[PDB]
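Engineer: Mind looking over this structure? Questions follow.
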Amino acid sequence: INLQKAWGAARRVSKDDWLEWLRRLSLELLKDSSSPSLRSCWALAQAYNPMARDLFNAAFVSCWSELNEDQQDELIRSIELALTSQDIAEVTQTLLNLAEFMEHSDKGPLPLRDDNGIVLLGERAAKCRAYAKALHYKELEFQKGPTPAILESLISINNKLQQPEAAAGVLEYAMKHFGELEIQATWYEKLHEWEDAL
Amino acid sequence: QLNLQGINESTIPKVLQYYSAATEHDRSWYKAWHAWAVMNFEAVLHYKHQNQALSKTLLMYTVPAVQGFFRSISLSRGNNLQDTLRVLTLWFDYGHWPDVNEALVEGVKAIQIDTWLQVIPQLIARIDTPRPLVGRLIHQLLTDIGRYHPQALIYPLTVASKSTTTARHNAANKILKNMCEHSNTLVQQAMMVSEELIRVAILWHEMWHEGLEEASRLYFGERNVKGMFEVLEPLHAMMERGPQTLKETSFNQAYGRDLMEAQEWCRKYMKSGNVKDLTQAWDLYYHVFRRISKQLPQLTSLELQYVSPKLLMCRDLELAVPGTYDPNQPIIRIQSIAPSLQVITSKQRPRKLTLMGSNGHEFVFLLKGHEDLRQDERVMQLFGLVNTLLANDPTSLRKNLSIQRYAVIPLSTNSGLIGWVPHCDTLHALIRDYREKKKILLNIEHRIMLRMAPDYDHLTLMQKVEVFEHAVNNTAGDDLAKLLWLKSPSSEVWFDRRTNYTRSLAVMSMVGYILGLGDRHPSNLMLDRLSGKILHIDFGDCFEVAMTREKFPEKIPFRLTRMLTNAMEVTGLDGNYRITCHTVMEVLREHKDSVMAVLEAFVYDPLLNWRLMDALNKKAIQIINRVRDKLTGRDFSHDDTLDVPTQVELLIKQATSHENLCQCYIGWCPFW
Amino acid sequence: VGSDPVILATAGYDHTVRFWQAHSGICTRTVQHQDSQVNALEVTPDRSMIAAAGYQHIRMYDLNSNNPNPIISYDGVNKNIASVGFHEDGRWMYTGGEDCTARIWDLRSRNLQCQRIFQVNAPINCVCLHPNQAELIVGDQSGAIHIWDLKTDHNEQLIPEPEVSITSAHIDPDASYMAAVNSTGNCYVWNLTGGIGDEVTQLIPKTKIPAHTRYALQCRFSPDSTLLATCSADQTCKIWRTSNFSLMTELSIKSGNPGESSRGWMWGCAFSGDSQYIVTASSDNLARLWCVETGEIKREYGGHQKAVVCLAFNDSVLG
Amino acid sequence: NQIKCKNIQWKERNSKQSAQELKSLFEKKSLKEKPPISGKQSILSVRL
């Protein structure tokens with residue numbers, strides 16, 4: 001309830017700014033959560049950082065279940081801004097782990113702006129070099145509707161994932177399920193089918 | 001030249017002299033001797049196959065082959081099972097000939113000893129030969145093996161000792177008695193343990209239950225007093241020697257009066273034929289059956305103190321842990337046996353036995369009765385062979401293809417011990433657990449199928465197809481993928497496990513097809529929750545028997561349903577699956593000789609054809625040819641030869657064709 | 001009381017058979033046929049008896065009188081029955097047992113012993129007698145067509161294309177051509193026989209008409225042998241001339257909304273004696289009555305509780 | 001009241017001894033009535 005004072009500054013600039021902001025965020029979240037275990041652990045967390053880093057998911061999920069509609073709206077807006085606005089590897093990893101831990105819970109994935117932000121999150125995934133999450137996100141994208149762009153994204157992500165056979169299967173599916181010869185030769189380029197490209 | 005013209009009396013001398021020249025030109029080259037001996041044996045096979053539409057020209061062709069096989073193993077030195085199998089079969093076929101006798105005797109003493117470890121079971125099945133010479137050679141060879149390596153021989157020998165036929169058991173007694181002189185206490189200890197823990201397998205009253213369960217059907221279907229006499233005589237034969245433990249004594253106390261008066265009545269009958277006697281004996285037997293059958297389900301736990309007083313008081317022994325014994329590693333002796341036996345409820349009631357060995361490491365096992373396991377040993381050896389084949393190839397080895405295996409040891413004619421794979425899980429429980437967790441009914445597909453049509457099981461195939469599709473498309477089958485992903489710690493290992501699952505499933509599918517494996521219901525398959533690999537069991541229905549049975553004859557090569565399909569990869573089955581299938585089929589097709597020889601040794605055993613034979617070897621021949629067509633690409637019609645991709649695609653289309661999936665047995669779960 | 005020039009009888013999963021006339025779409029009598037399902041139903045020329053055939057029993061129901069029980073039955077076969085039919089003068093009935101054979105049962109209660117069987121190596125699905133009661137047509141799951149005469153006891157077998165399951169076989173009483181369809185939409189039309197001399201039975205494959213992308217369910221000629229109706233598993237029936245195999249009519253029950261998901265197949269259809277009105281039978285628990293030209297429905301039955309599989313319709317010789 | 005139905009099974013070895021009789025017993029080959037007649041939808045006109 002007292003915790004909105006920490007986000008709506010919108011003035012953190014460099015990597016250290018956001019590290020300290022996350023640190024104080026965890027301190028606030030862990031200090032008051034109405035559960036004695038985490039409340040006790042907070043005081044030591046003030047002294048030791050890594051243990052608090054390992055415990056972010058618990059504090060977030062605990063406090064979230066007590067946050068109400070509008071306050072959760074503020075939280076998700078602020079967290080989306082922090083995601084799309086920053087590029088440091090550690091914080092992106094923190095957010096990705098947070099989301100993936102939510103999606104295995106029973107309360108469902110955290111609702112983002114649009115389709116749980118699965119397009120946005122995958123966007124961030126490639127740049128932090130965590131690629132299995134990227135593939136799984138592209139899977140979630142694919143089940144809805146097949147489009148050429150996502151197919152090429154699959155081709156590229158499998159290529160960097162050292163799995164040529166997945167790329168060959170994507171190619172076969174593209175020929176026999178789209179089947180309009182929209183295939184631009186750069187597809188074969190990535191597939192190393194040089195004769196086809198010729 | 002052989003690929004050009006095939007075989008005739010004309011090309012044979014030319015290729016013979018070609019290869020002999022090659023040998024004389026290298027003399028130190030495995031491949032040359034290999035080709036020479038193979039060609040000699042093939043010519044012998046031809047000349048045997050032609051004459052039935054002068055055994056000396058045959059003989060002069062055979063002897064050089066044998067010399068070649070001996071020469072070849074002397075050069076192989078690392079993995080040579082195939083050549084050994086061929087020399088063993090030539091031994092068995094023409095070992096009576098005096099001219100064969102020498103070549104064999106120099107070859108056997110010339111070669112090293114450990115080489116026979118790969119064929120120890122195969123020899124023992126033929127110990128009951130009808131020819132004195134071959135049997136004598138067998139005796140010397142086995143004696144030598146035992147005196148050098150006792151442990152790798154003791155278990156099947158004590159198996160053969162407690163046989164039923166005369167020559168088998170008496171030859172077994174002769175060899176075993178020759179064995180004890182240098183090592184006796186081991187023989188006593190093993191004999192005690194084997195003859196004891198077999199009693200734990202089939203307890204007295206279950207055995208009696210099985211006997212009468214059989215005899216009732218026998219009498220009511222065949223009207224043969226004699227058949228049921230042989231059925232239930234040995235039970236009394238073992239009865240009258242007296243109980244030995246508390247459980248058997250209690251059984252006697254309960255039932256023995258009835259059990260012996262029925263016997264006196266049946267004897268009274270067989271003296272003078274008139275049903276007025278045996279009616280009473282049958283009524284008493286059936287009363288006993290009703291009494292016994294009321295309590296079988298309650299049987300849940302056994303304590304050794306009540307069942308076998310001798311086992312729990314060992315506390316040390318000289319046997320290695322059965323089934324795990326390697327010539328290149330020091331043995332691990334069995335240290336103790338736990339006093340508790342847990343019974344897994346089923347129609348077969350296997351026991352969960354546990355031992356503790358020398359180095360403080362547990363060995364959990366599964367004690368099976370009521371079954372044969374000898375076929376399983378041979379198929380496990382074959383799978384090990386194919387694993388070796390995949391081991392030595394660069395394109396496959398980078399992709400990490402193998403078949404996970406487990407320990408198998410046959411203890412007697414109708415019981416044995418199977419290793420327990422840790423962390424494994426039956427697919428049936430997985431879908432069951434996930435569905436009950438989401439509060440979803442188990443057999444929803446079947447309920448829908450019955451709701452739209454009650455007489456589901458009598459419709460015509462097209463009607464079955466219409467309803468089958470209407471059922472499947474009505475329920476979005478995606479359970480396995482969500483199940484697996486929810487059961488993953490992190491996404492990366494999730495992807496790795498998915499990869500492993502795909503690759504493992506493909507190779508097992510192809511090998512199952514090439515074998516003739518059947519009955520792939522979701523209770524016969526298991527998954528490793530740790531590595532995600534796939535595991536097969538229940539190797540009883542082999543050589544395409546199930547596709548030739550009468551009731552519910554399956555028309556599918558192997559299991560590939562939507563639940564396996566959708567959960568594997570987003571594109572479908574045209575990703576990893578097809579490419580790995582290509583690779584594996586090629587690798588198999590290029591060593592056709594090895595697998596062909598191993599399976600040929602499999603089939604020809606006179607004591608394993610009981611399941612599949614109900615001249616006399618004609619049906620055997622008729623499967624064997626099929627196997628070669630499966631390696632030759634001539635299955636659909638042997639007048640043309642497709643490539644690997646064509647056979648692969650035709651098999652794939654066969655597997656996932658709706659019109660075929662409808663005909664399967666309902667419990668097979670085609671809807672999954 | 002079904003004593004009327006025009007009759008309508010339908011069957012399905014509801015263990016009963018429904019009767020009515022195309023007067024107001026209202027049924028008169030339902031007769032009990034329990035514990036099984038029927039494959040083919042057909043009335044005798046005399047309009048004295050009707051035969052329902054399915055699952056090891058042929059059950060006989062009367063037309064004019066009112067009796068709710070299967071007065072006559074024939075049994076003996078081990079499984080379902082593929083197809084049945086009568087002699088046109090009511091001397092005998094032919095019936096093709098699903099498994100491997102086709103047999104004949106005589107209506108005359110005498111041991112004249114004129115019954116035969118013929119043995120084939122494949123399960124059979126469609127059977128069509130020649131209108132002169134001399135030659136017979138057998139179509140199986142394996143694309144093998146068998147022409148069998150009663151003069152001899154052996155059949156000539158032709159395989160136009162293998163591995164394929166042909167589903168229907170029919171001949172117009174005018175004996176003009178030969179049409180057959182397979183389970184993927186291929187339709188073969190052959191030129192007729194002229195050889196009455198020694199039952200040579202020559203046929204030449206004239207027309208390959210590709211249509212019916214889905215499974216093909218049934219094909220019909222016309223009693224005047226001018227018109228040909230086909231049912232397809234994609235919920236349509238398409239209607240052709242025999243002259244040049246032209247596109248005459250097409251009837252569809254795809255509602256245009258994905259809320260059905262193919263709740264039914266147009267399994268069977270029947271012409272009228274004038275060859276101009278039809279009755280479509282669907283598995284959607286109800287049946288429809290159309291005319292070959294207008295394309296719009298005229299009549300409707302919906303009285304069943306489960307799907308509708310097979311129907312029998314005869315009218316007066318008039319028209 | 002149960003006994004009201006009539007059933008016949010199948011007897012094999014049928015006409016396996018007399019072939020001359022069946023050579024013409026069913027060999028009528030009545031192939032005629034090619035002549036067609038016109039119609040006006042009588043019963044259906046009653047329907048409409």
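In the structure tokens, the first chain shown is A, the next is B, and so on; residue numbers restart at 1 for each chain, and ligands run from 1 in the order shown.
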Which residues of chain C sit at most 9 Å from chain D, using only C-alpha atoms? Give each one's shortest atom pair and distance in Å (one decimal place), in chain and ascending residue order, as a tab-separated table.
Structural biologist:
residue	atom	partner	partner_atom	distance
C:5	CA	D:43	CA	7.3
C:6	CA	D:43	CA	6.9
C:21	CA	D:47	CA	8.9
C:22	CA	D:47	CA	6.2
C:23	CA	D:47	CA	4.9
C:24	CA	D:47	CA	7.8
C:69	CA	D:5	CA	8.3
C:70	CA	D:5	CA	6.9
C:71	CA	D:5	CA	5.3
C:72	CA	D:6	CA	5.1
C:73	CA	D:7	CA	5.0
C:74	CA	D:8	CA	5.1
C:75	CA	D:9	CA	5.1
C:76	CA	D:9	CA	4.7
C:77	CA	D:10	CA	7.9
C:105	CA	D:10	CA	9.0
C:112	CA	D:15	CA	8.8
C:113	CA	D:15	CA	5.6
C:114	CA	D:15	CA	6.3
C:115	CA	D:14	CA	6.3
C:116	CA	D:14	CA	6.4
C:117	CA	D:14	CA	8.6
C:131	CA	D:31	CA	7.6
C:132	CA	D:31	CA	4.8
C:133	CA	D:29	CA	6.4
C:134	CA	D:29	CA	5.5
C:150	CA	D:27	CA	6.9
C:151	CA	D:23	CA	6.0
C:152	CA	D:23	CA	7.8
C:173	CA	D:34	CA	8.3
C:174	CA	D:34	CA	5.9
C:175	CA	D:34	CA	8.6
C:196	CA	D:29	CA	8.3
C:224	CA	D:36	CA	7.3
C:272	CA	D:41	CA	8.5
C:273	CA	D:41	CA	7.7
C:274	CA	D:41	CA	5.7
C:275	CA	D:41	CA	8.9
C:276	CA	D:41	CA	8.3
C:277	CA	D:44	CA	8.5
C:315	CA	D:43	CA	7.5
C:316	CA	D:43	CA	7.5
C:318	CA	D:42	CA	6.7
C:319	CA	D:39	CA	3.9
Engineer: Excluding residue 166 of chain C and residues on its chain fewer than 3 positions from it, collect all residues at most 6 Å away from it, counting only C-alpha atoms, and give them as a list in words.
Structural biologist: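 That gives residues 141, 143, 181, 182 and 183 of chain C.
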Engineer: Hey, what's within 8 Å of residue 295 of chain C if we count only C-alpha atoms and toss same-chain stuff fewer than 6 positions away? As a VMD selection string, please?
Structural biologist: chain C and resid 249 to 251
Engineer: Take the residues from that selection and put them in a file with C-alpha atoms, as a PDB file, in the first residue's frame.
Structural biologist:
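Now in selection-v4.pdb:
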ATOM      1  CA  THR C 249     -27.715 -30.448 -59.460  1.00  0.00           C
ATOM      2  CA  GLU C 250     -25.866 -29.984 -56.167  1.00  0.00           C
ATOM      3  CA  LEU C 251     -27.434 -30.104 -52.704  1.00  0.00           C
TER       4      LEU C 251
END
Engineer: So that I can see what lies close to residue 120 of chain A, please list as a PyMOL selection string the residues with an atom at most 12 Å from it, counting only C-alpha atoms and leaving out residues fewer than 3 positions away in the same chain.
Structural biologist: chain A and resi 80-81+83-85+96+112-117+123-127+134+137-138+141
Engineer: Name all residues at most 9 Å from residue 266 of chain B (count only C-alpha atoms; drop same-chain ones fewer than 3 positions away) and give them as a PDB file with N, CA and C atoms, in the first residue's frame.
Structural biologist:
ATOM      1  N   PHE B 229      -5.206 -85.455 -15.549  1.00  0.00           N
ATOM      2  CA  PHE B 229      -4.320 -86.255 -14.708  1.00  0.00           C
ATOM      3  C   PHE B 229      -2.890 -85.739 -14.760  1.00  0.00           C
ATOM      4  N   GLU B 261      -8.566 -86.772  -0.314  1.00  0.00           N
ATOM      5  CA  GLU B 261      -9.745 -87.568  -0.635  1.00  0.00           C
ATOM      6  C   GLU B 261     -10.176 -87.376  -2.084  1.00  0.00           C
ATOM      7  N   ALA B 262     -10.048 -86.169  -2.625  1.00  0.00           N
ATOM      8  CA  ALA B 262     -10.336 -86.017  -4.044  1.00  0.00           C
ATOM      9  C   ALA B 262      -9.405 -86.891  -4.873  1.00  0.00           C
ATOM     10  N   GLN B 263      -8.145 -86.993  -4.454  1.00  0.00           N
ATOM     11  CA  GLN B 263      -7.194 -87.838  -5.164  1.00  0.00           C
ATOM     12  C   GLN B 263      -7.587 -89.306  -5.091  1.00  0.00           C
ATOM     13  N   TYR B 269     -11.887 -93.699  -9.716  1.00  0.00           N
ATOM     14  CA  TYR B 269     -12.379 -93.578 -11.078  1.00  0.00           C
ATOM     15  C   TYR B 269     -11.485 -94.298 -12.069  1.00  0.00           C
ATOM     16  N   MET B 270     -10.215 -93.902 -12.154  1.00  0.00           N
ATOM     17  CA  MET B 270      -9.420 -94.352 -13.290  1.00  0.00           C
ATOM     18  C   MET B 270      -9.214 -95.855 -13.254  1.00  0.00           C
ATOM     19  N   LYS B 271      -9.456 -96.492 -12.106  1.00  0.00           N
ATOM     20  CA  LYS B 271      -9.500 -97.949 -12.109  1.00  0.00           C
ATOM     21  C   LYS B 271     -10.657 -98.462 -12.962  1.00  0.00           C
ATOM     22  N   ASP B 277     -17.908 -91.866 -10.285  1.00  0.00           N
ATOM     23  CA  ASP B 277     -16.814 -91.534  -9.386  1.00  0.00           C
ATOM     24  C   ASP B 277     -16.314 -90.107  -9.544  1.00  0.00           C
ATOM     25  N   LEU B 278     -15.825 -89.726 -10.727  1.00  0.00           N
ATOM     26  CA  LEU B 278     -15.107 -88.462 -10.821  1.00  0.00           C
ATOM     27  C   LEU B 278     -16.010 -87.264 -10.586  1.00  0.00           C
ATOM     28  N   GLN B 280     -17.675 -86.693  -7.982  1.00  0.00           N
ATOM     29  CA  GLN B 280     -17.408 -86.279  -6.611  1.00  0.00           C
ATOM     30  C   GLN B 280     -16.070 -85.570  -6.498  1.00  0.00           C
ATOM     31  N   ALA B 281     -15.029 -86.142  -7.099  1.00  0.00           N
ATOM     32  CA  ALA B 281     -13.718 -85.515  -7.037  1.00  0.00           C
ATOM     33  C   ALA B 281     -13.764 -84.116  -7.629  1.00  0.00           C
ATOM     34  N   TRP B 282     -14.454 -83.959  -8.759  1.00  0.00           N
ATOM     35  CA  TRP B 282     -14.563 -82.638  -9.359  1.00  0.00           C
ATOM     36  C   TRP B 282     -15.326 -81.676  -8.466  1.00  0.00           C
TER      37      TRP B 282
END
Engineer: Please list as a ChimeraX atom specification every residue within 10 Å of residue 45 of chain A, counting only C-alpha atoms and excluding residues in the same chain fewer than 5 positions away.
Structural biologist: /A:23,26-27,30-31,38-40,50-53,55
Engineer: Give me the residues near residue 17 of chain B as a VMD selection string, where near means some atom within 12 Å (using only C-alpha atoms) and where sequence neighbours in that chain fewer than 6 positions away do not count.
Structural biologist: chain B and resid 11 23 to 25 36 39 to 40
